[PDB]
Protein chains: 2
Amino acid sequence: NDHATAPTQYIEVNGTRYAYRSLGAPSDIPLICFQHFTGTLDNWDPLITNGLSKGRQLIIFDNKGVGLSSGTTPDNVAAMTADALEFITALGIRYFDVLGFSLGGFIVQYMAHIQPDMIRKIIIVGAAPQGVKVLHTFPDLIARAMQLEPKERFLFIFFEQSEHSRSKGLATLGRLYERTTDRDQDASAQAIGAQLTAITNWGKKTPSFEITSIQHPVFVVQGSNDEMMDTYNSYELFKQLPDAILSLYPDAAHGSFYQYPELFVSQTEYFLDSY
Amino acid sequence: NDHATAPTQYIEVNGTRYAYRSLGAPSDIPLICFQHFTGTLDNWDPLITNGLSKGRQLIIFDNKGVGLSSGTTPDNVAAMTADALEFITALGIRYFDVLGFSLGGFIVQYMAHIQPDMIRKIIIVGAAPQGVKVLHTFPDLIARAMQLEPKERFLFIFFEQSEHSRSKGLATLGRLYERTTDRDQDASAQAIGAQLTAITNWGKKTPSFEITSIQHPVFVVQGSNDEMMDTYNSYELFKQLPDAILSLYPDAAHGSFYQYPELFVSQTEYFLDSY
Ligand SMILES: [Cl-]
Ligand SMILES: [Cl-]
Ligand SMILES: [Cl-]
Ligand SMILES: [Cl-]
Ligand SMILES: [Cl-]
Ligand SMILES: [Cl-]
Ligand SMILES: [Cl-]
Ligand SMILES: [Cl-]
Ligand SMILES: [Cl-]
Ligand SMILES: [Cl-]
Ligand SMILES: [Cl-]
Ligand SMILES: [Cl-]
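Scoring rules and cut-offs
- Residues numbered from 1 in each chain as written, not as in the entry; some residues may be left out.
- Chains lettered and ligands numbered in written order.
- Heavy atoms only, no water.
- Least-squares fit on C-alpha atoms.
- Buried < 20%, exposed > 50% of the residue type's maximum accessible area, 1.4 Å probe, protein only.
- Helix = DSSP H or I, 4+ residues; strand = E, 2+ residues; numbered from the N terminus.
- Pairing = 2+ DSSP bridges.
- Right-handed = clockwise from strand over helix to strand, strands pointing away.
- Salt bridge = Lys/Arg side-chain N within 4 Å of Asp/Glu carboxyl O.
- Contact = heavy atoms within 4.5 Å.
- Buried area = accessible area lost by both parts, 1.4 Å probe.
- Polar contact = N/O pair within 3.5 Å; in protein donor to acceptor, adjacent residues only side chain to side chain.
- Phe/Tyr/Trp six-rings, centres within 6.5 Å; stacked < 30°, edge-to-face > 60°.
- Arc of directions from axis to C-beta.
- Core = buried A, V, L, I, M, F, W, Y, C linked by side-chain atoms within 4.5 Å.
- Expected span 1.5 Å × (residues − 1).

- For this deposited structure, the header cites X-ray crystallography as the method used and 1.4800 Å as the resolution.

- By the naming in the PDB entry, chain A goes by Alpha/beta hydrolase fold protein and is assigned to Chitinophaga pinensis.
- This entry's official PDB title is "Alpha/beta hydrolase fold protein from Chitinophaga pinensis".

Written as structure tokens, this is what we have:
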């Protein structure tokens, strides 16, 4: 099954119903994907999920409380990580690669810290380490974005100011139209508030683990100017991690991999299959 | 023909005999490669030249005075660029991609400035823009390397200090053994002195053109700690260029692409064929 056709599946775990999809053929080391702020199953780019599922099983899921997943979204990354782990382990998956975008990129760092032996390789897109000052103003970034209707809100959050970047943003919106049937619910107000809290506190709280201690192979992707996360913080990830490859994409922003999805797939497929 | 079997060819141009090799099948947009400090035809990594010549014609050459090319190597990048252009145009090649490593990475920047319409895409490995302070001390870096016999000199210049990096350096030395037959001459003392002068002055002289004016697609590759060029100067290239992709490779140095040749080929092949 591809992105458009994979059915939404459900699994009950410790009193929570998790909604998920499995793309591609089943494989021994699946890639588990962790979504951005407010995103649901339908915010994944089909070019990326189709492209990466050619070579491995790919799992996309709604964490607790998000979209068609039941329950209450917790207010912190550590709890989101524990919740994700209960889900993944309920599926019987013991060893896997991870791809985290934005908030999801915080979760994969924390997961690698607490459960190193369950993760093989890590992809971080559009994120930052714990403690970064830029996230102290995340609520004000969202207050600015709140004023915008959907297309402008999407371009504001994810794209650069140029016609070149914005047109690739309109292309991404169209790709998100491709799922016609059995679509996810929107995130929910409760989930959005919990995530806003969690993202802000990832920046405000003193780091709780050393980035240098994550020994896994990592592939870090970012655009030239991610306003939310600060592009330089991806260079910081690369400096502090012992085995990270960095890719920076031109004239791009927080939604770098939406801007250049085929470049991302090409790079990521090599990383997972061969690095 | 592959790296090991391609014959050394010669072409007489304006009183100079240029030595070169052509790998792969002839193609409409060849990739012209520009070598590092003291390097000859035999310093190219066969994994890289074989890998990239699967999908395009690849030309490696000795610039004026270097190795089996005749004449006097000039003392500056601008002249090396003019010389390269007389060579490339003598072959009948009017439009081409370029790959420049180290000194060669300075030449491809200058070439894109003076002859933009002859270049399609640009790859820069292990280099820096004009004017960078780190190159003011290039002569002292070479004075330190001068004290070392061949294996240690090679690891000092090209690799990081770890066993992981140094072992990939020993692997590179073995790959450079693969060419058994019809090998190039060494650079020559005159060529080495001219290049040392040229590299130092690329840093000492005020910039003569704006990096921002190079509009071509560029792919910039560097390791985590290039002592010669400063890794941050590759981030500077990425910031200043309008259409550059950056890749930084972990626990690596000035010889980044020797450390991870298959990663480099994978990334570069996509860039040339698809970006
Ligand atoms: Cl986000
Ligand atoms: Cl709950
Ligand atoms: Cl573990
Ligand atoms: Cl910070
Ligand atoms: Cl720690
Ligand atoms: Cl793309
Ligand atoms: Cl060099
Ligand atoms: Cl001459
Ligand atoms: Cl021109
Ligand atoms: Cl400088
Ligand atoms: Cl200029
Ligand atoms: Cl490699």
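There's plenty left to go through after this.
1. Let's talk about the relation of the copies chain B and chain A
Phase 1: The transformation that overlays chain B on chain A combines an axial shift of 0.0 Å with a rotation of 180 degrees, and the residual RMSD is 0.0 Å. Taken together, the turn and the small shift mark the pair as related by a two-fold rotation axis. Rotation axis and chain B: the residue whose C-alpha lies nearest the axis is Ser 247 of chain B, separated from it by 2.3 Å.

2. Topic: the pairing of strand β6 (residues 119–125) of chain B
Residues and elements named next belong to chain B.
Phase 1: Counting buried positions along β6 gives 6 out of 7 residues, so the element sits mostly inside the fold.
Phase 2: Both strand β5 (residues 96–101) and β6 contribute to a ladder of 5 bridges, which runs parallel. Within β6, the residue paired with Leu 99 across the bridge is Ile 123.
Phase 3: Considered for its hand, the β-α-β crossover made up of β5, helix α3 (residues 103–114) and β6 is right-handed.
Phase 4: Alignment of β6 against strand β7 (residues 218–223), held across 4 bridges, turns out to be parallel. Counterpart to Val 125 in the pairing with β7 is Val 221.

3. Quick look at the pattern of salt bridges
Phase 1: All told, the structure shown has 22 salt bridges over all chains when counted by the stated rule.
Phase 2: Put simply, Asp 42 of chain B and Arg 183 of chain B hold a salt bridge, and the shortest N to O gap is 3.8 Å. Linking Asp 42 of chain B in the loop between β3 (31–34) and α1 (46–53) with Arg 183 of chain B in the loop between α6 (163–175) and α7 (189–204), this pair joins segments that are 141 residues apart in sequence.
Phase 3: For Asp 42 of chain B, a relative accessible area of 7% gives the class buried.
Phase 4: Owing to a relative accessible area of 35%, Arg 183 of chain B belongs among the partly exposed residues under this scheme.
Phase 5: For the salt bridge of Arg 120 of chain B with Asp 97 of chain B, the shortest nitrogen-to-oxygen distance reads 2.7 Å. Highlighted residues: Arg 120 of chain B in strand β6 and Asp 97 of chain B in strand β5, separated in sequence by 23 residues.
Phase 6: A relative accessible area of 23% places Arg 120 of chain B in the partly exposed class.
Phase 7: Each of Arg 21, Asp 42 and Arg 183 of chain A takes part in one network of salt bridges that share partners.

4. Re the interface of chain B and chain A
Accessible area lost upon the coming together of the parts is a frequently used measure of interface size.
Phase 1: Contact residues are listed per partner, giving 22 residues for chain B and 22 residues for chain A.
Phase 2: For the chain B and chain A pair, buried surface summed over both sides reaches about 1,800 Å², with 67% attributable to carbon and sulfur atoms.
Phase 3: On inspection of chain B and its partner chain A, the count reaches 0 salt bridges.
Phase 4: For the pair chain B and chain A, the interface holds 4 residue pairs in polar contact.

5. Some thoughts on the packing of aromatic side chains
Residue and element names in this part refer to chain A.
Phase 1: By the definition in use, this model includes 47 aromatic pairs over all chains.
Phase 2: Each ring, one from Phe 34 and one from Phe 61, has its centre 5.4 Å from the other, and the planes form 90 degrees; the classification is edge-to-face. Of this pair, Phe 34 sits in strand β3 (residues 31–34) while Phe 61 sits in strand β4 (residues 58–61); the two residues are 27 residues apart in sequence, bridging distant segments of the chain.
Phase 3: You can call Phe 34 buried: its relative accessible area is 1%.
Phase 4: A residue is classified by how much of its surface remains accessible, and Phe 61, at 4% relative accessible area, is buried.

6. Re helix α4 (residues 138–145) of chain A
All names here are of chain A.
Phase 1: Within α4 the residues assigned to the buried category are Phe 138, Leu 141, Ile 142 and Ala 145. Each buried residue of α4 sits inside an arc of 95 degrees when the element is viewed along its axis, so together they form one side.
Phase 2: Residues of α4 that are buried make contact with α5 (150–158) and α7 (189–204).

7. Comments concerning the nonpolar core
Phase 1: Core analysis: the biggest nonpolar cluster contains 180 residues, and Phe 34 and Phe 264 of chain A together with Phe 34 and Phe 264 of chain B have the highest contact counts within it.
Phase 2: The contacts of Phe 34 of chain B, once residues within four sequence positions are left out, are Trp 44, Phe 61, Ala 84, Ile 88, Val 98, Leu 99, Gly 100, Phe 101, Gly 104, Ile 107, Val 108 and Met 111 of chain B.

8. What to know about unusual backbone geometry
Phase 1: In this structure, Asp 251 of chain A is a non-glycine residue whose phi angle is positive, near 50 degrees.
Phase 2: Mapping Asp 251 of chain A onto the fold places it in the loop between β8 (244–249) and α9 (256–259).
Phase 3: The backbone phi angle of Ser 102 of chain B is positive, close to 65 degrees, even though this residue is not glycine.
Phase 4: Looking at where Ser 102 of chain B falls in the secondary structure, it is placed in the loop between β5 and α3.
Phase 5: On the basis of relative accessibility, which here comes to 1%, the residue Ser 102 of chain B falls in the buried class.

9. Section: the environment of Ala 145 of chain B
Phase 1: With respect to the helices, strands and loops of the structure, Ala 145 of chain B is situated in helix α4 (residues 138–145).
Phase 2: Here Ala 145 of chain B is in contact with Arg 153, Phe 156 and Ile 157 of chain B, once residues within four sequence places are set aside.

10. Description of the side chain of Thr 268 of chain B
Phase 1: Following the sequence through the fold, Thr 268 of chain B ends up in helix α10 (residues 261–274).
Phase 2: The exposure class of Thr 268 of chain B is buried, given its relative accessible area of 0%.

11. Description of the environment of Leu 173 of chain B
All names here are of chain B.
Phase 1: As for its placement among the helices and strands, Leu 173 is situated in helix α6.
Phase 2: Owing to a relative accessible area of 29%, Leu 173 belongs among the partly exposed residues under this scheme.
Phase 3: On a C-alpha basis, the gap between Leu 173 and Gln 35 in space is 17 Å, while along the polypeptide they are 138 residues apart.
Phase 4: Sequence-distant contacts of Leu 173, defined by excluding residues within four places in its chain, comprise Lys 151 and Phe 154.

12. Here we look at the side chain of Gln 222 of chain B
Residues and elements named next belong to chain B.
Phase 1: Take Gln 222: it is sitting in strand β7.
Phase 2: Engagement of the side chain of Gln 222 in a polar contact is seen with the side chain of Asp 226, the distance being 2.8 Å.
Phase 3: Ignoring sequence-local partners within four residues, the contact set of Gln 222 consists of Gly 126, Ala 127, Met 229, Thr 231, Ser 234, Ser 247, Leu 248, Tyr 249, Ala 253, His 254 and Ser 256.

13. Section: helix α10 (residues 261–274) of chain A
Residue and element names in this part refer to chain A.
Phase 1: The end-to-end C-alpha distance of α10, which contains 14 residues, comes to 20 Å, matching closely the 20 Å that a straight helix rising 1.5 Å per residue would cover.
Phase 2: A large share of α10 lies buried, amounting to 10 of its 14 residues.
Phase 3: Taken as a whole, α10 has its buried residues at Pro 261, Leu 263, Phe 264, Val 265, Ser 266, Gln 267, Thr 268, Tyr 270, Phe 271 and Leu 272.

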